[PDB]
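Have a look at start.pdb; it's PDB, C-alpha atoms (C1' of nucleotides):
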MODEL        1
ATOM      1  CA  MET A   1       0.000   0.000   0.000  1.00  0.00           C
ATOM      2  CA  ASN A   2       1.092   3.571   0.716  1.00  0.00           C
ATOM      3  CA  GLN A   3       1.493   3.718   4.505  1.00  0.00           C
ATOM      4  CA  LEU A   4       3.315   1.243   6.750  1.00  0.00           C
ATOM      5  CA  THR A   5       2.696   1.721  10.479  1.00  0.00           C
ATOM      6  CA  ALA A   6       4.723  -0.272  12.999  1.00  0.00           C
ATOM      7  CA  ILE A   7       4.764  -0.352  16.799  1.00  0.00           C
ATOM      8  CA  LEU A   8       8.189  -0.707  18.412  1.00  0.00           C
ATOM      9  CA  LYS A   9       9.130  -2.112  21.817  1.00  0.00           C
ATOM     10  CA  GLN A  10      12.176  -0.720  23.618  1.00  0.00           C
ATOM     11  CA  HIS A  11      14.455  -3.316  25.217  1.00  0.00           C
ATOM     12  CA  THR A  12      17.280  -1.096  26.500  1.00  0.00           C
ATOM     13  CA  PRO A  13      17.311   2.653  27.179  1.00  0.00           C
ATOM     14  CA  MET A  14      18.495   5.042  24.478  1.00  0.00           C
ATOM     15  CA  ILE A  15      21.098   7.742  25.097  1.00  0.00           C
ATOM     16  CA  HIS A  16      19.506  10.810  23.501  1.00  0.00           C
ATOM     17  CA  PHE A  17      21.237  14.167  23.109  1.00  0.00           C
ATOM     18  CA  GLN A  18      17.912  16.023  22.677  1.00  0.00           C
ATOM     19  CA  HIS A  19      16.324  14.764  25.899  1.00  0.00           C
ATOM     20  CA  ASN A  20      15.134  18.285  26.759  1.00  0.00           C
ATOM     21  CA  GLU A  21      12.175  18.046  24.376  1.00  0.00           C
ATOM     22  CA  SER A  22       9.103  16.297  25.762  1.00  0.00           C
ATOM     23  CA  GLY A  23       8.386  14.446  22.522  1.00  0.00           C
ATOM     24  CA  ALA A  24      12.001  13.403  21.997  1.00  0.00           C
ATOM     25  CA  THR A  25      12.224   9.946  20.446  1.00  0.00           C
ATOM     26  CA  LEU A  26      14.272   7.910  17.985  1.00  0.00           C
ATOM     27  CA  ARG A  27      15.234  10.271  15.173  1.00  0.00           C
ATOM     28  CA  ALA A  28      14.409   9.135  11.650  1.00  0.00           C
ATOM     29  CA  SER A  29      17.619  10.801  10.435  1.00  0.00           C
ATOM     30  CA  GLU A  30      19.575   7.779  11.674  1.00  0.00           C
ATOM     31  CA  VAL A  31      17.024   5.061  10.936  1.00  0.00           C
ATOM     32  CA  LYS A  32      16.329   6.045   7.325  1.00  0.00           C
ATOM     33  CA  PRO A  33      19.983   5.963   6.130  1.00  0.00           C
ATOM     34  CA  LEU A  34      20.633   2.728   8.025  1.00  0.00           C
ATOM     35  CA  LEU A  35      17.370   1.263   6.734  1.00  0.00           C
ATOM     36  CA  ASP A  36      18.338   2.257   3.187  1.00  0.00           C
ATOM     37  CA  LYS A  37      21.739   0.590   3.489  1.00  0.00           C
ATOM     38  CA  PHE A  38      20.216  -2.541   5.046  1.00  0.00           C
ATOM     39  CA  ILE A  39      17.515  -2.812   2.371  1.00  0.00           C
ATOM     40  CA  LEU A  40      20.016  -2.307  -0.452  1.00  0.00           C
ATOM     41  CA  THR A  41      22.395  -4.884   1.040  1.00  0.00           C
ATOM     42  CA  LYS A  42      19.589  -7.431   1.382  1.00  0.00           C
ATOM     43  CA  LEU A  43      18.339  -6.647  -2.132  1.00  0.00           C
ATOM     44  CA  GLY A  44      21.758  -7.435  -3.601  1.00  0.00           C
ATOM     45  CA  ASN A  45      22.344 -10.462  -1.337  1.00  0.00           C
ATOM     46  CA  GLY A  46      25.290  -9.049   0.576  1.00  0.00           C
ATOM     47  CA  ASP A  47      26.418  -6.711  -2.227  1.00  0.00           C
ATOM     48  CA  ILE A  48      25.247  -3.121  -1.880  1.00  0.00           C
ATOM     49  CA  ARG A  49      26.124  -2.312  -5.502  1.00  0.00           C
ATOM     50  CA  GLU A  50      23.944  -5.083  -6.930  1.00  0.00           C
ATOM     51  CA  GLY A  51      21.144  -3.927  -4.644  1.00  0.00           C
ATOM     52  CA  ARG A  52      21.624  -0.358  -5.839  1.00  0.00           C
ATOM     53  CA  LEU A  53      21.332  -1.570  -9.432  1.00  0.00           C
ATOM     54  CA  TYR A  54      18.186  -3.489  -8.454  1.00  0.00           C
ATOM     55  CA  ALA A  55      16.738  -0.325  -6.886  1.00  0.00           C
ATOM     56  CA  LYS A  56      17.775   1.747  -9.904  1.00  0.00           C
ATOM     57  CA  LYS A  57      15.608  -0.742 -11.725  1.00  0.00           C
ATOM     58  CA  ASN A  58      11.940  -0.447 -10.664  1.00  0.00           C
ATOM     59  CA  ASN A  59      12.716   3.266  -9.980  1.00  0.00           C
ATOM     60  CA  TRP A  60      13.017   2.946  -6.203  1.00  0.00           C
ATOM     61  CA  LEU A  61      15.695   5.645  -5.941  1.00  0.00           C
ATOM     62  CA  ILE A  62      15.418   9.378  -5.358  1.00  0.00           C
ATOM     63  CA  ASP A  63      18.849   9.895  -6.874  1.00  0.00           C
ATOM     64  CA  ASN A  64      19.308   7.362  -9.688  1.00  0.00           C
ATOM     65  CA  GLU A  65      22.931   8.383 -10.270  1.00  0.00           C
ATOM     66  CA  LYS A  66      24.194   9.611  -6.914  1.00  0.00           C
ATOM     67  CA  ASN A  67      23.222   8.400  -3.440  1.00  0.00           C
ATOM     68  CA  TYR A  68      21.938   5.311  -1.580  1.00  0.00           C
ATOM     69  CA  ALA A  69      18.610   6.967  -0.749  1.00  0.00           C
ATOM     70  CA  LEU A  70      15.273   5.268  -1.421  1.00  0.00           C
ATOM     71  CA  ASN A  71      12.013   7.112  -2.086  1.00  0.00           C
ATOM     72  CA  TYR A  72      10.022   6.879   1.136  1.00  0.00           C
ATOM     73  CA  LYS A  73       9.234   9.016   4.175  1.00  0.00           C
ATOM     74  CA  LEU A  74      10.105   8.036   7.749  1.00  0.00           C
ATOM     75  CA  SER A  75       8.240   9.383  10.781  1.00  0.00           C
ATOM     76  CA  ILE A  76       8.816   8.236  14.368  1.00  0.00           C
ATOM     77  CA  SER A  77       6.204   9.452  16.852  1.00  0.00           C
ATOM     78  CA  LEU A  78       5.613   8.920  20.567  1.00  0.00           C
ATOM     79  CA  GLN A  79       2.049   7.857  21.326  1.00  0.00           C
ATOM     80  CA  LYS A  80       2.268   8.762  25.027  1.00  0.00           C
ATOM     81  CA  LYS A  81       5.025  10.837  26.585  1.00  0.00           C
ATOM     82  CA  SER A  82       5.574   9.161  29.965  1.00  0.00           C
ATOM     83  CA  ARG A  83       9.357   9.338  29.816  1.00  0.00           C
ATOM     84  CA  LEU A  84      11.512   6.964  31.866  1.00  0.00           C
ATOM     85  CA  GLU A  85      14.889   8.656  32.285  1.00  0.00           C
ATOM     86  CA  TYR A  86      18.168   6.993  33.237  1.00  0.00           C
ATOM     87  CA  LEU A  87      21.577   8.104  34.482  1.00  0.00           C
ATOM     88  CA  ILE A  88      24.459   6.052  33.094  1.00  0.00           C
ATOM     89  CA  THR A  89      27.982   5.949  34.528  1.00  0.00           C
ATOM     90  CA  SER A  90      30.944   3.589  34.298  1.00  0.00           C
ATOM     91  CA  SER A  91      31.750   3.956  38.012  1.00  0.00           C
ATOM     92  CA  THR A  92      29.929   2.617  41.063  1.00  0.00           C
ATOM     93  CA  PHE A  93      28.547   5.529  43.066  1.00  0.00           C
ATOM     94  CA  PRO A  94      26.276   5.582  46.128  1.00  0.00           C
ATOM     95  CA  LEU A  95      22.638   6.094  45.235  1.00  0.00           C
ATOM     96  CA  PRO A  96      20.744   8.936  46.944  1.00  0.00           C
ATOM     97  CA  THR A  97      17.157   8.777  48.104  1.00  0.00           C
ATOM     98  CA  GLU A  98      15.683  11.984  46.768  1.00  0.00           C
ATOM     99  CA  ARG A  99      14.611  11.530  43.156  1.00  0.00           C
ATOM    100  CA  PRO A 100      11.682  12.177  40.841  1.00  0.00           C
ATOM    101  CA  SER A 101       9.557   9.160  40.031  1.00  0.00           C
ATOM    102  CA  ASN A 102      11.211   8.608  36.629  1.00  0.00           C
ATOM    103  CA  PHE A 103      14.894   8.883  37.612  1.00  0.00           C
ATOM    104  CA  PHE A 104      16.836   5.616  37.633  1.00  0.00           C
ATOM    105  CA  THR A 105      20.540   4.829  37.620  1.00  0.00           C
ATOM    106  CA  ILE A 106      22.753   2.377  35.742  1.00  0.00           C
ATOM    107  CA  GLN A 107      26.207   1.956  37.269  1.00  0.00           C
ATOM    108  CA  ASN A 108      29.313   0.165  35.987  1.00  0.00           C
ATOM    109  CA  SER A 109      27.902   0.517  32.450  1.00  0.00           C
ATOM    110  CA  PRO A 110      30.001   0.609  29.253  1.00  0.00           C
ATOM    111  CA  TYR A 111      28.948   4.231  28.648  1.00  0.00           C
ATOM    112  CA  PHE A 112      31.927   6.000  30.202  1.00  0.00           C
ATOM    113  CA  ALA A 113      31.425   9.549  28.949  1.00  0.00           C
ATOM    114  CA  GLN A 114      29.478  11.974  31.131  1.00  0.00           C
ATOM    115  CA  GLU A 115      31.356  10.560  34.109  1.00  0.00           C
ATOM    116  CA  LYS A 116      31.703  14.028  35.647  1.00  0.00           C
ATOM    117  CA  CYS A 117      27.975  14.058  36.422  1.00  0.00           C
ATOM    118  CA  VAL A 118      28.987  12.333  39.679  1.00  0.00           C
TER     119      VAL A 118
ATOM    120  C1'   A B   1     -10.286 101.371 -69.553  1.00  0.00           C
ATOM    121  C1'   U B   2      -9.050  95.828 -72.237  1.00  0.00           C
ATOM    122  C1'   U B   3     -15.864  90.149 -72.950  1.00  0.00           C
ATOM    123  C1'   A B   4     -14.039  94.063 -66.968  1.00  0.00           C
ATOM    124  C1'   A B   5     -14.240  94.386 -61.094  1.00  0.00           C
ATOM    125  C1'   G B   6     -14.714  92.178 -56.449  1.00  0.00           C
ATOM    126  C1'   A B   7     -13.940  86.762 -53.350  1.00  0.00           C
ATOM    127  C1'   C B   8      -8.208  83.266 -47.686  1.00  0.00           C
ATOM    128  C1'   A B   9     -10.981  75.872 -49.699  1.00  0.00           C
ATOM    129  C1'   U B  10     -13.103  78.828 -45.084  1.00  0.00           C
ATOM    130  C1'   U B  11     -16.538  77.882 -39.990  1.00  0.00           C
ATOM    131  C1'   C B  12     -17.438  73.981 -36.307  1.00  0.00           C
ATOM    132  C1'   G B  13     -14.208  69.272 -34.422  1.00  0.00           C
ATOM    133  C1'   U B  14      -9.689  66.676 -27.600  1.00  0.00           C
ATOM    134  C1'   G B  15      -6.703  60.626 -31.390  1.00  0.00           C
ATOM    135  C1'   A B  16     -10.646  59.040 -28.221  1.00  0.00           C
ATOM    136  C1'   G B  17     -13.505  55.205 -25.912  1.00  0.00           C
ATOM    137  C1'   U B  18     -13.330  49.611 -22.843  1.00  0.00           C
ATOM    138  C1'   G B  19      -7.913  47.118 -21.137  1.00  0.00           C
ATOM    139  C1'   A B  20      -4.458  44.529 -13.135  1.00  0.00           C
ATOM    140  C1'   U B  21       2.278  42.523 -16.963  1.00  0.00           C
ATOM    141  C1'   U B  22      -0.872  38.533 -15.987  1.00  0.00           C
ATOM    142  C1'   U B  23      -1.803  32.592 -15.894  1.00  0.00           C
ATOM    143  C1'   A B  24       1.715  28.531 -14.179  1.00  0.00           C
ATOM    144  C1'   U B  25       6.455  26.855 -10.952  1.00  0.00           C
ATOM    145  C1'   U B  26       7.625  23.292  -3.068  1.00  0.00           C
ATOM    146  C1'   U B  27      14.575  26.863  -1.831  1.00  0.00           C
ATOM    147  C1'   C B  28      14.365  20.926  -2.583  1.00  0.00           C
ATOM    148  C1'   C B  29      17.603  16.411  -2.721  1.00  0.00           C
ATOM    149  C1'   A B  30      22.168  13.804   0.880  1.00  0.00           C
ATOM    150  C1'   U B  31      24.097  12.760   5.447  1.00  0.00           C
ATOM    151  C1'   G B  32      23.911   8.220  12.553  1.00  0.00           C
ATOM    152  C1'   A B  33      25.708  14.200  17.549  1.00  0.00           C
ATOM    153  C1'   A B  34      28.472  10.390  16.990  1.00  0.00           C
ATOM    154  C1'   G B  35      33.977   7.289  18.316  1.00  0.00           C
ATOM    155  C1'   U B  36      36.696   5.763  22.550  1.00  0.00           C
ATOM    156  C1'   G B  37      38.438   4.201  28.536  1.00  0.00           C
ATOM    157  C1'   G B  38      42.675   3.228  31.228  1.00  0.00           C
ATOM    158  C1'   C B  39      45.808   2.494  35.163  1.00  0.00           C
ATOM    159  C1'   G B  40      44.982  -0.188  40.007  1.00  0.00           C
ATOM    160  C1'   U B  41      48.681  -6.775  36.036  1.00  0.00           C
TER     161        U B  41
ENDMDL
END

Representation of the structure as structure tokens:
Amino acid sequence: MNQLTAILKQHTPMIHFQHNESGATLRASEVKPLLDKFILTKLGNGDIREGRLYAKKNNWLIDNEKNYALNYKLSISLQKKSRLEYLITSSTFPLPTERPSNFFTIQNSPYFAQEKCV
RNA sequence: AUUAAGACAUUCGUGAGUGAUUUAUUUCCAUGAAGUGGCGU
């Protein structure tokens, strides 16, 4: 058809640099390029060039000569904005007891940047 | 003193009336705010 709607389930928290916005969610500006590369690779059976030729055929390309981009629109929307925020550090630090309801901590995590927050 | 003399092709008259430089045309396409720990062996 024209529209493809999918509902996603989050398994691990996402480190988002635009957390200040209420509606902040997974940005399509990462998913769409990665999705394009994945779809082209699977179209060519492990060869992105054969997949790009296949997508040049059937006119599935915005940019027949230039890019890897396919002709579709990606929109990622939050249905309900109950955000569950996390603090991630690579060091073990004592946990306080004065927090908002949606503040949780992950300690001794691989994410080592932002270690000066404690 | 002679088939002569006399007589403005002149008067009046607005190059004018009606008339959108307008119909149509996406400042768009592309792109991961992301990479990485180390000593304390």

Residue among B:19, B:13, B:37, B:6 lying closest to chain A, counting all atoms listed in the file: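 Looking at the shortest contact to chain A, the residue is B:37.
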
Residue IDs satisfying the PyMOL selection byres ((chain B) within 12 of (chain A)), as a count of residues only: 11

CA of residue 46 in chain A to CA of residue 8 in chain A, distance in Å rounded to a single decimal: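 Between CA of residue 46 in chain A and CA of residue 8 in chain A the gap is 26.1 Å.
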
CA of residue 77 in chain A to CA of residue 23 in chain A, straight-line distance in Å: 7.9 Å

Pick from A:88, A:43, A:95, A:15 nearest to residue 108 in chain A, counting all atoms listed in the file: A:88

So which residues fall inside 12 Å of (33.3, 1.4, 42.0) if we count only C-alpha atoms (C1' of nucleotides)? Mind giving them as a PDB file with C-alpha atoms (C1' of nucleotides), in the frame of the given file?
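Listed below is the output, part-v8.pdb:
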ATOM      1  CA  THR A  89      27.982   5.949  34.528  1.00  0.00           C
ATOM      2  CA  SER A  90      30.944   3.589  34.298  1.00  0.00           C
ATOM      3  CA  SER A  91      31.750   3.956  38.012  1.00  0.00           C
ATOM      4  CA  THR A  92      29.929   2.617  41.063  1.00  0.00           C
ATOM      5  CA  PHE A  93      28.547   5.529  43.066  1.00  0.00           C
ATOM      6  CA  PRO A  94      26.276   5.582  46.128  1.00  0.00           C
ATOM      7  CA  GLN A 107      26.207   1.956  37.269  1.00  0.00           C
ATOM      8  CA  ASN A 108      29.313   0.165  35.987  1.00  0.00           C
ATOM      9  CA  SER A 109      27.902   0.517  32.450  1.00  0.00           C
ATOM     10  CA  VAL A 118      28.987  12.333  39.679  1.00  0.00           C
TER      11      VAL A 118
ATOM     12  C1'   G B  40      44.982  -0.188  40.007  1.00  0.00           C
TER      13        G B  40
END

Distance in Å - CA of residue 105 in chain A versus CA of residue 87 in chain A: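 A separation of 4.7 Å between them.
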
Residues matched by the PyMOL selection byres ((chain A and resi 13) around 10) as a VMD selection string: chain A and resid 10 to 12 14 to 16 84 to 86 88

Using the file's own x, y and z axes, so that the box edges lie along x, y and z, what centre and edge lengths in Å (one decimal) does a box around every listed atom of range 90-103 of chain A get when 4 Å is added on each side? Give it as JSON.
{"center_x": 20.7, "center_y": 7.4, "center_z": 41.2, "size_x": 30.2, "size_y": 17.6, "size_z": 21.8}

The PyMOL selection byres ((chain A and resi 73) around 10) applied to the shown file, residues as an NGL selection string: :A and (3 or 28 or 32 or 70-72 or 74-75)
